[PDB]
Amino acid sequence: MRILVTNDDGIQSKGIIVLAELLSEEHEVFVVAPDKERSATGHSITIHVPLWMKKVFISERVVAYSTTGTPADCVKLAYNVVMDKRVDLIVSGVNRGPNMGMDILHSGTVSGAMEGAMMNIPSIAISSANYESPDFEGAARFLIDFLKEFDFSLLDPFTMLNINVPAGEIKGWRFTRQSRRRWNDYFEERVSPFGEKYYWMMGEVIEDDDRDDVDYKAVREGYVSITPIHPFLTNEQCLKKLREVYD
């Protein structure tokens, strides 16, 4: 299987290296990731200026390239220029920290995998749900096992898998829905040497989902959270109501 590995922390990140090396023992792995920190870049793409790539070494077992673009740019470039449109699976990660709730909208890790979903290529965004003490190997090992037990034909079109792995013990797998986890974010105001004020974004997490099958609850219980998501944001319930009211 020809696998494309990418991430949003940079090609030199420990999370992507372990993932690539472990996947290289059984598959043909191609790594195309950002040449710098791309966390919180969401699904941004580069259209105003050109993109550049650089061949880098990360293992004699894998073909690697860094690009001046975003995670989504990396997937487009890998697909069209590095892998000759021959990609069997796309894995974006392993990210240091969780990617759950509404945070996935600005997640670079998720965007990489989503670009794959948009092309109907089986894709997975994988994150170690513990920023402080991440377990890249455990997440990678879990993935290798998942690839042997999961049947990707069950994946509907334009659908990818957003995966969050507990850092401690993995007590099992659980298919979940995206939660509404978000933040009470504010700003820390400060003053620069030249007398101009500046702001630092800060925040406290909000976990107020009443539903029992959401992503963070599963992870909280030591269970890997596997959420099938697609690039469609329509609020059907609301749409139906707006119509039965006007038109």
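Numbers follow the displayed sequence, beginning with 1.
For the two regions 153-161 and 111-119, the entry's Cα B-factors average higher over 153-161. Comparing 192-200 with 27-35, the stretch with the higher mean C-alpha B-factor in the PDB entry is 192-200. When the Cα B-factors of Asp103, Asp84, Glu137, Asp73 are read from the PDB record, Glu137 comes out highest. Of the candidates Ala218, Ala40, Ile45, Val62, the one whose C-alpha carries the top B factor in the deposited record is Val62. When the modelled residues of the chain are ordered by their C-alpha B factor, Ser133 lands in the highest third.
Annotation for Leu51: C-alpha temperature factor in the lowest third relative to the rest of the modelled chain, per the entry.
Compared with the other modelled residues of the chain, the Cα B-factor recorded for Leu143 ranks in the middle third. The entry lists a Cα temperature factor for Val94 that places it in the middle third of the chain's modelled residues. Sort the modelled residues of the chain by CA B factor and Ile229 lands in the lowest third.
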